[PDB]
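>>> coordinates only, no sequence provided:
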């Protein structure tokens, strides 16, 4: 699951994934974290 | 809710709370944070 710090991070991540880039690649650009859980922590809630 | 940076932090906080000291006093000594939430953030997960 992707967990993002901000709405901008969420948008960057989502956009990057439409390019077919990997979750790690997109996490880097967006400041998001890839976590294998069904929910996100309070510091990366988006 | 108390949220701590490390196991050591958790142990300092818990020991301090046996003395009758306040959550604020014990958070200071432990590096923990007191947060009005039902979960902890990833940077204070203990």
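Sure thing, it's come through. Residues are numbered from 1 along each chain as shown, chains lettered A, B, ... in the order given.
>>> list the buried residues of the strand or helix carrying residue A:28.
Here residue A:28 is covered by helix A:23-30, with elements defined by DSSP states H and E. Using 16 or more other C-beta atoms under 10 Å in any protein chain shown as the burial criterion, the residues of helix A:23-30 that qualify are A:26, A:27, A:30. For every residue, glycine as well, the C-beta is placed using N, CA and C.
>>> buried set for stretch A:8-25?
Of the residues in stretch A:8-25, those buried (16+ other C-beta under 10 Å) are A:9, A:10, A:12, A:13, A:16, A:17.
>>> for the fifth one, identify the helix or strand it belongs to.
It refers to residue A:16. helix A:7-18.
>>> what packs against that helix?
Judged by 3 or more C-beta pairs under 8 Å, 6 or more residues apart in numbering or on different chains; DSSP states H and E, the packing partners of helix A:7-18 are helix A:23-30.
>>> now tell me what touches the helix it packs on from outside.
Identification of contacts with helix A:23-30 by C-beta atoms under 8 Å, 6 or more residues apart in numbering or on different chains yields A:2, A:4, A:9, A:10, A:12, A:13, A:16, A:17, A:32, A:33, A:34.
>>> and stretch A:3-21, by the same measure?
Counting by C-beta under 8 Å, 6+ apart, A:2, A:23, A:25-27, A:29-35, A:40-41, A:43-46 sit against stretch A:3-21.
>>> show me how far that stretch is from its chain's centre.
5 Å (C-alpha atoms, centre = their mean, to the nearest Å).
>>> quick check: angle from the helix holding residue A:16 to helix A:23-30?
If you take axes from the mean of the first three to the mean of the last three C-alpha atoms, to 10 degrees, helix A:7-18 sits at 140 degrees to helix A:23-30.
>>> where does chain A get nearest to chain B, residue-wise?
residue A:43 (3.7 Å; C-beta to the nearest C-beta).
>>> now that residue, nearest residue through space, not along the chain?
Leaving out its chain neighbours, the residue that sits closest to residue A:43 by C-beta to C-beta, 6 or more residues apart in numbering or on different chains is residue B:41, at 3.7 Å.
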